[PDB]
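If you read the protein sequences in the order shown, they are chains B and A.
Here the first sequence stands for residues 304 to 344, 353 to 722, where the numbers follow the entry's author numbering.
Here the second sequence stands for residues 304 to 344, 350 to 722, where the numbers follow the entry's author numbering.
Ideal placement from N, C-alpha and C gives every residue a C-beta, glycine not left out.
Here's the structure, in structure tokens; my notes come after.
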Amino acid sequence: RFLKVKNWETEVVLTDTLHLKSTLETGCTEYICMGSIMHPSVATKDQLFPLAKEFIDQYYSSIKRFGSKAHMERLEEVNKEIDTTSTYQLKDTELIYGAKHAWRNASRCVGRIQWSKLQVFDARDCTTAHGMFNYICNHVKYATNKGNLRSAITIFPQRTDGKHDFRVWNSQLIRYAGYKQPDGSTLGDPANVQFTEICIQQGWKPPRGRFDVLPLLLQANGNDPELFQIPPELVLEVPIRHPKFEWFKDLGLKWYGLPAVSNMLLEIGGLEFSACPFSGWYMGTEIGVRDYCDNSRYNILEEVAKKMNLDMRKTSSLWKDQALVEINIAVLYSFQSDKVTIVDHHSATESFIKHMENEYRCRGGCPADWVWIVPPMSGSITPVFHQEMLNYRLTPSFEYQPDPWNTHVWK
Amino acid sequence: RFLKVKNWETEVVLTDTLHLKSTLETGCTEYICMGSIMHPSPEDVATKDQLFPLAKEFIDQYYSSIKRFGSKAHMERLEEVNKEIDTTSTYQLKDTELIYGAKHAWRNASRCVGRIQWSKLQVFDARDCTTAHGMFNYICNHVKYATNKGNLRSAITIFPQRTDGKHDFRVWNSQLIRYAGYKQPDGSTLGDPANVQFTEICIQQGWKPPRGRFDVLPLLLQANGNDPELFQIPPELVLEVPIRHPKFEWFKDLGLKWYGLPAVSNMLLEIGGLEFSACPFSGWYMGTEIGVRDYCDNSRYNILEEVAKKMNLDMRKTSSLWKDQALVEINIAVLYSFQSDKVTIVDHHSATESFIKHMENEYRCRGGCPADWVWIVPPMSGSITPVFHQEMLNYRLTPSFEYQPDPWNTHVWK
Ligand code: HEM
Ligand code: HEM
Ligand SMILES: C[C@H](O)[C@H](O)[C@H]1CNc2nc(N)[nH]c(=O)c2N1
Ligand SMILES: C[C@H](O)[C@H](O)[C@H]1CNc2nc(N)[nH]c(=O)c2N1
Ligand SMILES: Cc1cc(N)nc(CCCN(C)C)c1
Ligand SMILES: Cc1cc(N)nc(CCCN(C)C)c1
Ligand SMILES: [Zn+2]
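Set out below in structure tokens:
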């Protein structure tokens with residue numbers, strides 16, 4: 304079959320053939336859609360062959376060598392390893408290709424126009440937390456690049472029995488701590504209070520401040536995780552100020568310039584890389600709307616609207632909306648002023664529509680999660696809002712996994 | 304057999320069992336989701357094996373709503389509907405069943421953020437209508453009733469059901485009250501670009517265009533598959549709010565105004581296998597409907613540019629968020645205007661809050677509530693409204709409102 308999707312702002316129509324190559328569940332059934340559910344629901356020898364063959368098949372097809380001598384030998388070599396070792400090892404080329412295509416296949420990611428420019432750091436030779444610490448430090452120094460950020464991933468040893476997992480317990484490489492006070496209130500980032508407790512428990516001496524960079528809590532080979540403090544010179548940070556409101560700096564906000572997911576799982580050929588931190592650069596609304604203005608986060612909306620002499624009696628005065636825009640002007644202006652790479656939601660979506668059209672043209676489609684692609688503010692005035700999108704799961708993929716503190720058995 | 308949905312702002316989990324009674328497909332599969340497609344999934353004059361089981365379902369459903377979970381009346385009604393399909397080739401709905409069906413189509417409207425009011429719906433049985441003149445009469449009564457001098461009331465008028473496909477009753481307007489869109493000689497568009505085609509059909513039918521920016525379109529009404537007829541709504545029946553801004557005194561000098569009564573008049577109301585092609589239903593606006601979409605959409609009124617000019621915004625680049633900032637002010641102006649004129653309007657904060665309460669209510673008493681997150685989340689400030697963080701299950705329950713073809717694609721002109 305073919306499938307059509309339509310832009311209702313422009314009437315452009317694209318024809319998705321690539322969905323015929325989708326695999327694991329969307330979660331949706333023939334009669335129920337779950338597109339708004341965030342989390343819907353080790354491989355044995357038999358289970359691993361078809362996966363390995365499919366990915367090797369797709370890699371050799373991507374390099375115009377399908378059915379070739381080097382293709383058929385690779386397959387046989389992988390088949391050998393899974394009999395010998397119940398698993399197999401990716402070549403370097405397959406690891407780079409796998410990582411890039413897992414980003415390419417990230418339905419929820421609006422930045423995928425950059426997918427082919429990923430720096431892949433092979434860390435599969437790593438054995439200890441300290442070594443992970445060295446890889447991530449280098450990852451951050453590279454990615455940050457004095458403000459001119461560069462996409463990168465670092466991939467650590469794949470799963471084995473599941474009893475020897477590598478994990479970055481941090482959900483992002485750079486995050487700020489949260490501290491719950493005895494009086495209910497929260498100092499710092501409420502999102503990270505639980506993780507802040509875990510670190511404190513593991514010996515972290517916290518500065519109990521408002522923007523404390525958290526420590527890396529790194530697990531290697533299934534051992535208890537260990538604490539490392541990122542060197543402060545490596546953590547690029549941007550004080551937030553406003554181009555019109557001089558009082559804005561008096562909020563004393565800042566944010567880190569380098570966004571980096573670390574809690575996720577990278578599947579390639581049926582091999583699971585449970586520690587694969589990846590970084591890019593920020594869309595302004597991630598900080599400006601969600602990090603600062605979510606009620607379960609830094610929640611400076613009332614603060615910012617208070618200083619904007621806004622009527623906060625009636626919601627219909629739209630103070631929340633007014634204050635949300637200004638905060639997002641400031642976020643953008645601040646990164647741009649300090650020449651730290653950032654992208655506004657308009658430019659990012661405009662670029663995602665181009666990328667999506669190009670991906671239908673050369674690839675047969677582009678899986679896309681409209682619920683995640685549409686920015687969290689000003690939705691309808693961005694072009695993705697009027698763009699129909701099909702959601703399927705292509706592999707290689709990034710996958711969610713359980714939090715390590717829910718699984719790990721301490722020793 | 305039992306699915307849960309979770310709110311991420313408040314950690315509240317609801318357990319959905321109502322989806323087990325979902326009837327037809329959503330367009331999705333285990334393999335590919337279409338939750339962002341607008342339309343996923350005349351001889352359809354059923355046989356008896358095709359129409360009776362649908363009818364039997366709705367009557368079974370109605371009689372179980374009313375505690376007569378099987379009874380004398382329910383059994384007679386089945387046999388009455390049975391013989392009716394045998395002879396009249398279809399069947400007619402009792403007045404109660406019709407009111408139940410209309411209220412429940414709205415209840416099951418997965419895209420409708422306003423459904424907490426679903427049971428306070430005025431139903432106007434117009435199944436005795438035979439002509440477009442009569443349709444015009446019934447609609448003028450709807451508009452006046454529902455407008456209620458600014459204290460808007462929900463209502464639906466239900467014209468006779470489809471029979472053979474070639475005797476359809478249709479309202480050709482998409483909403484009862486829409487502004488005209490005119491194709492300018494150079495290439496621009498005056499008025500509302502969404503309606504350029506409908507405006508030309510009306511002009512091609514002899515409507516004399518005043519050619520302003522907010523000309524109210526005439527009703528194009530179709531009865532019994534016959535050609536459609538133009539009627540001008542009486543202007544004293546079309547309430548309009550001039551748009552001014554509580555702070556920007558230069559705002560009213562934009563020459564902007566909108567209508568007060570939103571009325572969808574192009575959907576199909578399906579009950580027990582019966583299809584009501586003409587069923588205009590009205591409520592009141594969420595401000596974002598007018599001021600985000602009607603006013604700011606690129607292929608609509610596109611006034612962001614002009615508002616931003618007067619606000620003195622850095623329009624050099626997007627990262628200034630000059631669009632966003634003007635978007636806020638406009639919606640402020642729209643709410644401020646409807647409320648200053650005591651015309652019913654609901655902001656997007658209040659509306660989404662209410663629908664969270666509605667959802668909880670439906671999971672209490674019914675075991676679920678089908679919702680379309682893509683449509684429920686307002687088109688501005690989405691994440692700062694409670695629904696953005698509210699997981700939703702979507703499924704199709706009957707009775708329901710369905711889309712249908714624009715009648716001019718499919719109409720044999722007498
Ligand atoms: C290069 C610039 C990038 C931009 C502008 C960007 C933008 C975004 C945004 C705004 C989200 C939504 C996340 C949220 O709302 O919390 C997202 C999600 C995501 N992105 Fe990107 N991203 C970029 C790079 C990357 C890279 C380099 C990768 C992997 C190699 C990646 C993979 C993902 C994944 C897996 C998600 C899903 C997040 C989740 O489900 O938790 N992205 N991206
Ligand atoms: C009473 C106040 C109401 C409010 C505030 C409200 C709100 C909304 C909104 C914001 C939408 C999305 C519209 C858009 O952006 O295009 C919608 C859609 C819808 N509503 Fe409501 N609504 C109300 C009344 C009603 C009534 C009375 C009915 C039925 C009698 C109804 C049935 C529907 C349906 C079927 C849709 C889907 C429209 C479509 O699919 O194109 N609503 N509603
Ligand atoms: C492609 C996408 O489904 C389409 O633009 C939808 C998105 N969400 C919407 N939500 C509402 N309320 N109204 C709409 O018209 C739309 N359009
Ligand atoms: C319930 C809903 O799925 C949840 O709030 C989602 C919606 N869309 C999102 N979109 C983005 N970009 N980020 C998010 O966290 C979410 N959260
Ligand atoms: C690589 C990358 C870039 C970016 N801008 N954002 C992300 C996701 C941020 C974390 N959220 C899932 C909480 C990842
Ligand atoms: C009855 C009703 C009430 C309301 N508040 N909004 C609507 C939306 C109408 C336009 N869209 C479907 C194009 C309908
Ligand atoms: Zn779906």
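For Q483(B) and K516(B), the rounded distance between their alpha carbons:
In the first sequence, the residue the question calls residue 516(B) occupies position 205. In the first sequence, the residue the question calls residue 483(B) occupies position 172. If I take the Cα positions, the gap works out to 20 angstroms.
Taking C-alpha atoms, which residue in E583(B), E557(B), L569(B) lies nearest to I598(B)?
In the first sequence, residue 598(B) corresponds to position 287, counting from 1. Measuring from the Cα of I598(B), the nearest candidate turns out to be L569(B).
List in chain order the residues whose CB is within less than 6 angstroms of at least one heavy atom of ligand 3.
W311(B), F696(B), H697(B), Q698(B), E699(B), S339(A), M341(A), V682(A), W683(A)
Taking CB distances under 9 angstroms as the criterion, tell me whether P687(B) reaches chain A.
Along the first sequence, read from residue 1 onward, the residue named residue 687(B) stands at position 376. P687(B) counts as touching chain A.
Going by DSSP in three states, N717(A) sits in which element: helix, strand or coil?
As a working mapping, residue 717(A) is identified with position 409 in the second sequence. The answer is helix: DSSP assigns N717(A) an H, G or I state.
Residues that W681(A) contacts on chain B, provided the C-beta gap is smaller than 8 angstroms
Taking the second sequence and counting its residues from 1, the one referred to as residue 681(A) is at position 373. Contact note: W681(A) reaches chain B through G338, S339, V682, using a C-beta cutoff of 8 angstroms and chain order.
For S585(B), collect the residues of the same chain with a Cβ closer than 7 angstroms to its Cβ; drop the 5 residues on either side in sequence, then sort them by chain order.
Looking up residue 585(B) in the first sequence gives position 274. Correct list, in chain order: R470, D476, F477, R478, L576, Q712.
So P686(B) and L701(B) are supposed to be a Cβ contact under 8 angstroms. How far apart are they, rounded?
Indexing the first sequence from 1 puts residue 686(B) at position 375. Indexing the first sequence from 1 puts residue 701(B) at position 390. With 8 angstroms as the limit, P686(B) and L701(B) do not qualify as a contact, their Cβ atoms being about 20 angstroms apart.
Extent of the continuous beta strand (DSSP E) to which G568(B) belongs
For the purposes of this step, residue 568(B) is taken as the residue at position 257 of the first sequence. From DSSP, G568(B) is part of no beta strand (DSSP E); its letter is neither H nor E.
Could you check where the beta strand (DSSP E) with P550(B) kicks off and where it finishes?
The residue you call residue 550(B) lines up with position 239 of the first sequence. It spans 548-550 - the beta strand (DSSP E) in which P550(B) sits, taken as one unbroken run.
Where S373(A) sits in the DSSP three-state scheme:
One-based indexing of the second sequence puts residue 373(A) at position 65. Three-state DSSP puts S373(A) in a helix.
Going by DSSP in three states, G473(B) sits in which element: helix, strand or coil?
In the first sequence, the residue the question calls residue 473(B) occupies position 162. Of the three classes helix, strand and coil, the one that applies to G473(B) here is coil, per DSSP.
Excluding the 5 residues flanking residue 346(B) on each side, which residues of the same chain have their C-beta closer than 7 angstroms to its C-beta?
Any structural detail on residue 346(B) is unavailable, because chain B resumes at 353 straight after 344.
With 16 as the cutoff for other CB atoms within 10 Å, does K631(B) come out buried or exposed?
For the purposes of this step, residue 631(B) is taken as the residue at position 320 of the first sequence. Per the 10 Å Cβ criterion, buried.
Does the pairing of the region 690-704 of chain A with the region 444-463 of chain A give three or more beta-carbon distances under 8 angstroms?
no
Quick check on the DSSP output: what are the complete alpha helix (DSSP H) runs of length 4 or more inside the region 416-476 of chain A, in order along the chain?
440-455
Selection of the region 624-655 of chain B by Cβ proximity to chain A, strictly under 9 angstroms:
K625, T626, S627, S628, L629, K631, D632, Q633, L635, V636, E637, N639, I640, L643, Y644, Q647, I653, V654, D655
Go ahead and pull the three-state DSSP assignment for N702(A).
The residue given as residue 702(A) occupies position 394 in the second sequence. Of the three classes helix, strand and coil, the one that applies to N702(A) here is strand, per DSSP.
Less than 9 angstroms between the C-beta atoms of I485(B) and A381(B), yes or no?
The residue you call residue 485(B) lines up with position 174 of the first sequence. The residue you call residue 381(B) lines up with position 70 of the first sequence. Not a contact, by the Cβ cut-off of 9 angstroms.
Nearest candidate by alpha-carbon position, reference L547(A), set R601(A), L527(A), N456(A)
Counting from one through the second sequence, the residue named residue 547(A) turns up at place 239. Comparing Cα positions, the closest option is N456(A).
Between the alpha carbons of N503(A) and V682(B), how many angstroms are there, rounded?
Residue 503(A) sits at position 195 when you count from the first residue of the second sequence. Residue 682(B) sits at position 371 when you count from the first residue of the first sequence. Looking at the two C-alpha atoms, the distance is approximately 29 angstroms.
Going by DSSP in three states, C510(A) sits in which element: helix, strand or coil?
Counting from 1 along the second sequence, the entry for residue 510(A) is found at position 202. Helix at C510(A).
Comparing the CB of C336(B) with every heavy atom of ligand 7, is any distance shorter than 8 angstroms?
Taking the first sequence and counting its residues from 1, one reaches residue 336(B) at position 33. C336(B): yes, Cβ under 8 angstroms from ligand 7.
For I464(B), verify whether its CB is less than 8 angstroms away from any heavy atom of ligand 1.
Taking the first sequence and counting its residues from 1, one reaches residue 464(B) at position 153. Correct: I464(B) has its Cβ closer than 8 angstroms to ligand 1.
Please decide whether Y711(B) counts as near chain A, where near means a Cβ-Cβ distance under 9 angstroms.
Residue mapping note: residue 711(B) aligns to position 400 of the first sequence, counting from 1. Taking Cβ atoms only, chain A never reaches closer than 9 angstroms to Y711(B), which makes this a no.
Do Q530(A) and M443(A) have their CB atoms nearer than 9 angstroms?
Taking the second sequence and counting its residues from 1, the one referred to as residue 530(A) is at position 222. Taking the second sequence and counting its residues from 1, the one referred to as residue 443(A) is at position 135. Cβ atoms of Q530(A) and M443(A): closer than 9 angstroms.
Around the C-beta of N416(B), are 16 or more other C-beta atoms found within 10 angstroms, so that it is buried, or is it exposed?
The residue you call residue 416(B) lines up with position 105 of the first sequence. The residue is buried, with at least 16 neighbouring Cβ atoms inside 10 Å.
Please indicate yes or no: does the CB of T329(B) lie closer than 8 angstroms to some heavy atom of ligand 7?
On the first sequence, residue 329(B) is found 26 positions in, with the first residue counted as 1. Yes, since a heavy atom of ligand 7 falls inside the 8 angstroms radius drawn around the Cβ of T329(B).
Let me check you understand the geometry: is the CB of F467(A) closer than 8 angstroms to at least one non-hydrogen atom of ligand 2?
Here residue 467(A) corresponds to residue number 159 of the second sequence, with the count starting at 1. No.
Measuring only between beta-carbons, confirm whether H322(B) sits less than 9 angstroms from chain A.
One-based indexing of the first sequence puts residue 322(B) at position 19. Output row for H322(B): interface = yes.
Beta-carbon within less than 8 angstroms of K491(A)'s beta-carbon, same chain only, minus the 5 sequence neighbours each way: which residues are those?
Here the question's residue 491(A) lines up with position 183 in the second sequence. Result list for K491(A): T497, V504, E508, in chain order.
In chain order, what residues of the same chain have a beta carbon less than 6 angstroms from the beta carbon of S339(B), not counting five sequence neighbours either side?
On the first sequence, residue 339(B) is found 36 positions in, with the first residue counted as 1. Here the set comprises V682.
Run down chain A in chain order and give the residues with a C-beta less than 8 angstroms from the C-beta of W480(B).
Against the first sequence, residue 480(B) aligns to sequence position 169. Ordered by position in chain A, no residue passes the 8 angstroms Cβ test against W480(B), which lies about 21 angstroms from the chain.
Given the structure, does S691(A) come close to ligand 4, in the sense that its CB is under 8 angstroms from one of the ligand's heavy atoms?
Working through the second sequence from its first residue, we reach residue 691(A) at position 383. Yes - ligand 4 has a heavy atom lying nearer than 8 angstroms to the Cβ of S691(A).
Does the beta-carbon of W566(B), which I'm using as the reference point, lie nearer than 8 angstroms to any heavy atom of ligand 1?
As a first step, residue 566(B) must be located in the first sequence, where it is residue number 255. No.
Can you tell me the Cβ-Cβ gap for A634(B) and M619(B), rounded? I've got them flagged as a contact below 8 angstroms.
One-based indexing of the first sequence puts residue 634(B) at position 323. One-based indexing of the first sequence puts residue 619(B) at position 308. Contact holds; Cβ gap of about 6 angstroms.
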